[PDB]
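Peer 1: only geometry, no sequence info:
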Ligand SMILES: O=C1NCCc2c(OCCCCN3CCCCC3)cccc21
Ligand SMILES: [Zn+2]
(Lines give C-alpha, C1' and ligand atoms only; values in the text may rest on other atoms or scores of the structure.)
(Ligands and ions follow the chains in the order given, each with its own letter.)
Protein backbone atom coordinates (compact mmCIF):
# COMPACT_ATOMS: atom_id res chain seq x y z
CA UNK A 1 0.00 0.00 0.00
CA UNK A 2 0.84 3.76 -0.41
CA UNK A 3 0.34 4.25 3.38
CA UNK A 4 3.29 1.87 4.02
CA UNK A 5 5.40 3.41 1.16
CA UNK A 6 4.87 6.80 2.92
CA UNK A 7 6.22 5.30 6.21
CA UNK A 8 9.21 3.67 4.42
CA UNK A 9 10.03 7.04 2.74
CA UNK A 10 9.93 8.91 6.10
CA UNK A 11 12.15 6.20 7.65
CA UNK A 12 14.73 6.37 4.78
CA UNK A 13 14.73 10.13 4.01
CA UNK A 14 15.24 11.25 7.63
CA UNK A 15 18.53 9.37 8.15
CA UNK A 16 21.42 11.69 9.09
CA UNK A 17 25.17 11.26 9.72
CA UNK A 18 25.66 11.09 13.48
CA UNK A 19 28.31 13.08 15.46
CA UNK A 20 29.34 9.86 17.33
CA UNK A 21 30.46 8.32 13.98
CA UNK A 22 27.89 5.53 14.38
CA UNK A 23 28.98 4.46 17.91
CA UNK A 24 25.42 4.21 19.35
CA UNK A 25 23.35 3.13 16.34
CA UNK A 26 25.72 1.61 13.81
CA UNK A 27 27.27 2.73 10.52
CA UNK A 28 24.74 3.04 7.68
CA UNK A 29 23.17 5.43 5.14
CA UNK A 30 19.96 3.41 4.67
CA UNK A 31 17.83 0.57 6.03
CA UNK A 32 16.47 -2.69 4.71
CA UNK A 33 12.75 -2.29 5.69
CA UNK A 34 11.35 -5.80 6.36
CA UNK A 35 7.84 -5.14 7.65
CA UNK A 36 5.56 -2.25 8.57
CA UNK A 37 2.58 -3.12 10.74
CA UNK A 38 -0.21 -0.78 11.71
CA UNK A 39 -0.96 -1.04 15.43
CA UNK A 40 -4.71 -1.19 16.18
CA UNK A 41 -5.17 -1.00 19.93
CA UNK A 42 -8.63 0.55 20.55
CA UNK A 43 -8.11 1.21 24.30
CA UNK A 44 -4.76 3.01 23.60
CA UNK A 45 -6.24 4.91 20.64
CA UNK A 46 -9.10 6.18 22.82
CA UNK A 47 -6.72 7.20 25.62
CA UNK A 48 -4.67 9.10 22.99
CA UNK A 49 -7.68 10.83 21.28
CA UNK A 50 -9.26 11.77 24.62
CA UNK A 51 -6.03 13.52 25.68
CA UNK A 52 -5.57 15.02 22.16
CA UNK A 53 -8.99 16.73 22.39
CA UNK A 54 -8.11 18.14 25.88
CA UNK A 55 -4.74 19.46 24.67
CA UNK A 56 -6.40 20.97 21.51
CA UNK A 57 -8.89 22.86 23.77
CA UNK A 58 -5.94 24.22 25.79
CA UNK A 59 -3.94 25.23 22.65
CA UNK A 60 -6.16 27.50 20.56
CA UNK A 61 -8.17 24.44 19.10
CA UNK A 62 -4.92 22.89 17.77
CA UNK A 63 -3.43 19.58 18.95
CA UNK A 64 -0.05 20.30 17.23
CA UNK A 65 0.17 16.56 16.36
CA UNK A 66 3.23 15.20 14.58
CA UNK A 67 4.35 11.82 13.28
CA UNK A 68 7.65 11.07 15.11
CA UNK A 69 9.98 8.10 15.65
CA UNK A 70 10.64 6.32 18.94
CA UNK A 71 13.38 3.76 19.61
CA UNK A 72 13.26 1.50 22.67
CA UNK A 73 14.15 -2.06 23.76
CA UNK A 74 10.51 -2.13 25.10
CA UNK A 75 8.53 -1.77 21.84
CA UNK A 76 6.39 -4.86 22.63
CA UNK A 77 5.30 -3.49 26.06
CA UNK A 78 4.55 -0.11 24.37
CA UNK A 79 2.26 -1.54 21.65
CA UNK A 80 0.26 -3.50 24.28
CA UNK A 81 0.28 -1.12 27.31
CA UNK A 82 1.14 2.24 25.66
CA UNK A 83 3.78 4.83 26.54
CA UNK A 84 4.28 5.18 30.26
CA UNK A 85 5.87 8.22 31.93
CA UNK A 86 6.32 6.09 35.13
CA UNK A 87 9.22 4.37 33.26
CA UNK A 88 10.89 7.78 32.64
CA UNK A 89 13.43 9.24 35.09
CA UNK A 90 15.20 12.63 35.43
CA UNK A 91 18.49 11.55 33.68
CA UNK A 92 17.71 12.67 30.10
CA UNK A 93 18.59 16.19 28.69
CA UNK A 94 14.97 17.36 29.30
CA UNK A 95 14.34 15.22 32.37
CA UNK A 96 11.67 12.58 33.03
CA UNK A 97 9.94 12.50 29.70
CA UNK A 98 9.27 10.22 26.76
CA UNK A 99 11.52 11.15 23.83
CA UNK A 100 10.83 11.21 20.09
CA UNK A 101 12.77 12.19 16.98
CA UNK A 102 11.95 13.51 13.53
CA UNK A 103 15.10 11.67 12.29
CA UNK A 104 14.73 7.87 12.21
CA UNK A 105 18.50 7.35 12.64
CA UNK A 106 18.41 9.32 15.96
CA UNK A 107 15.67 6.93 17.27
CA UNK A 108 17.74 4.00 15.98
CA UNK A 109 20.44 4.99 18.59
CA UNK A 110 18.03 3.92 21.40
CA UNK A 111 16.72 0.57 20.08
CA UNK A 112 19.26 -1.48 22.05
CA UNK A 113 19.36 0.91 25.03
CA UNK A 114 20.93 4.22 26.12
CA UNK A 115 23.77 5.02 23.69
CA UNK A 116 22.89 1.74 21.94
CA UNK A 117 23.60 -0.29 25.11
CA UNK A 118 25.72 -3.35 24.24
CA UNK A 119 23.98 -3.69 20.85
CA UNK A 120 22.02 -6.71 19.60
CA UNK A 121 21.38 -9.56 22.15
CA UNK A 122 22.96 -12.26 19.87
CA UNK A 123 26.23 -10.58 18.66
CA UNK A 124 26.62 -7.71 21.25
CA UNK A 125 27.13 -5.40 18.23
CA UNK A 126 25.66 -1.85 18.10
CA UNK A 127 26.35 -1.93 14.33
CA UNK A 128 24.76 -5.37 13.73
CA UNK A 129 23.65 -5.77 10.07
CA UNK A 130 22.21 -9.25 10.75
CA UNK A 131 19.75 -8.82 13.63
CA UNK A 132 16.35 -7.31 12.94
CA UNK A 133 15.53 -4.09 14.80
CA UNK A 134 12.17 -2.50 15.56
CA UNK A 135 11.27 1.22 15.74
CA UNK A 136 7.92 2.87 16.27
CA UNK A 137 6.52 5.67 14.05
CA UNK A 138 4.10 7.46 16.38
CA UNK A 139 1.30 9.98 16.50
CA UNK A 140 2.50 12.53 19.13
CA UNK A 141 0.42 15.40 20.54
CA UNK A 142 2.82 18.29 21.25
CA UNK A 143 0.20 20.95 22.02
CA UNK A 144 1.82 24.18 23.22
CA UNK A 145 5.45 23.05 22.96
CA UNK A 146 8.16 24.74 25.08
CA UNK A 147 11.16 25.53 22.85
CA UNK A 148 14.52 24.84 24.56
CA UNK A 149 18.18 24.71 23.48
CA UNK A 150 20.08 23.77 26.65
CA UNK A 151 19.56 21.02 29.30
CA UNK A 152 16.46 21.63 31.45
CA UNK A 153 15.76 18.56 33.60
CA UNK A 154 11.99 18.65 34.02
CA UNK A 155 9.70 16.28 35.92
CA UNK A 156 6.62 17.58 33.97
CA UNK A 157 5.78 19.92 31.06
CA UNK A 158 6.58 23.57 31.89
CA UNK A 159 3.56 25.57 33.23
CA UNK A 160 0.97 26.21 30.50
CA UNK A 161 2.70 23.79 28.06
CA UNK A 162 2.12 20.19 26.86
CA UNK A 163 5.60 19.15 25.69
CA UNK A 164 9.20 20.32 25.17
CA UNK A 165 10.93 20.72 21.83
CA UNK A 166 14.71 20.49 21.95
CA UNK A 167 16.09 22.65 19.10
CA UNK A 168 19.66 22.20 17.66
CA UNK A 169 22.32 24.64 19.04
CA UNK A 170 26.18 25.14 19.13
CA UNK A 171 27.19 22.93 22.17
CA UNK A 172 24.26 21.83 21.83
CA UNK A 173 21.87 19.23 20.26
CA UNK A 174 22.84 18.17 16.73
CA UNK A 175 19.22 17.26 15.84
CA UNK A 176 15.76 18.05 17.23
CA UNK A 177 13.98 15.95 19.84
CA UNK A 178 10.43 16.11 21.22
CA UNK A 179 9.51 15.28 24.73
CA UNK A 180 6.17 14.52 26.40
CA UNK A 181 5.63 13.97 30.13
CA UNK A 182 2.29 12.11 29.89
CA UNK A 183 2.24 8.71 28.18
CA UNK A 184 -1.29 9.24 26.79
CA UNK A 185 0.09 12.02 24.50
CA UNK A 186 1.54 9.45 22.04
CA UNK A 187 0.09 6.52 20.10
CA UNK A 188 2.43 3.82 18.67
CA UNK A 189 0.83 3.77 15.19
CA UNK A 190 3.36 1.82 13.14
CA UNK A 191 5.78 -0.92 14.15
CA UNK A 192 8.70 -1.00 11.70
CA UNK A 193 10.91 -4.11 11.50
CA UNK A 194 14.20 -3.37 9.74
CA UNK A 195 17.93 -3.81 9.50
CA UNK A 196 20.58 -1.13 9.15
CA UNK A 197 22.49 -1.70 5.88
CA UNK A 198 26.24 -1.83 5.46
CA UNK A 199 27.39 1.23 3.38
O1 LIG B 1 13.47 7.40 20.36
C2 LIG B 1 13.86 7.81 21.45
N3 LIG B 1 13.77 6.98 22.53
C4 LIG B 1 14.22 7.38 23.88
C5 LIG B 1 15.36 8.39 23.90
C6 LIG B 1 15.30 9.41 22.80
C7 LIG B 1 16.06 10.65 22.87
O8 LIG B 1 16.54 11.02 24.12
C9 LIG B 1 17.67 10.48 24.81
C10 LIG B 1 17.41 10.98 26.28
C11 LIG B 1 17.93 10.06 27.38
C12 LIG B 1 16.76 9.59 28.34
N13 LIG B 1 15.83 8.55 27.69
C14 LIG B 1 14.60 8.15 28.51
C15 LIG B 1 14.71 6.85 29.40
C16 LIG B 1 15.60 5.71 28.80
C17 LIG B 1 15.98 6.03 27.37
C18 LIG B 1 16.67 7.37 27.27
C19 LIG B 1 15.88 11.61 21.84
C20 LIG B 1 15.05 11.34 20.69
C21 LIG B 1 14.47 10.06 20.54
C22 LIG B 1 14.54 9.15 21.62
ZN1 LIG C 1 23.27 -9.19 15.91
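Peer 2: Cool, got the structure. Residues are numbered from 1 along each chain as shown. Ligands and ions are numbered 1, 2, ... in the order given.
Peer 1: For the protein, what lies in contact range of ligand 1?
Peer 2: 69-72, 88, 91-93, 99-101, 106-107, 110, 114, 177 (CB under 6 Å from any ligand atom). To be clear about C-beta, it is placed using only N, CA and C from the backbone, and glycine gets the same treatment.
Peer 1: Mind picking the one among the residues you listed that's closest to residue 193?
Peer 2: For those, the closest approach to residue 193 (CB to CB) belongs to residue 71, at 13.0 Å.
Peer 1: Is residue 88 in contact with residue 96, as I believe?
Peer 2: Yes - between residue 88 and residue 96 there is a contact at 4.5 Å, judged by CB atoms under 8 Å.
Peer 1: what touches both of these two?
Peer 2: Shared contacts of residue 88 and residue 96 (CB atoms under 8 Å, 6 or more residues apart in numbering): residue 181.
Peer 1: quick one: which helix or strand includes residue 178?
Peer 2: In this assignment (DSSP states H and E), residue 178 forms part of strand 177-180.
Peer 1: That should have said residue 48, apologies.
Peer 2: Residue 48 belongs to helix 42-57 when assigned by DSSP H and E.
Peer 1: Identify all contacting residues around that helix.
Peer 2: Outside helix 42-57, the residues within contact range by CB under 8 Å, 6+ apart are 62-65, 82, 139, 141, 143, 162, 182, 184-188.
Peer 1: helices or strands up against the next helix or strand after that helix?
Peer 2: Tracing the chain C-terminally past helix 42-57 and defining elements by DSSP H and E, one meets strand 65-70 next. Using 3 or more CB pairs under 8 Å, 6 or more residues apart in numbering; DSSP states H and E as the contact criterion, the neighbours of strand 65-70 among helices and strands are strand 98-100, helix 104-108, strand 133-141, strand 186-196.
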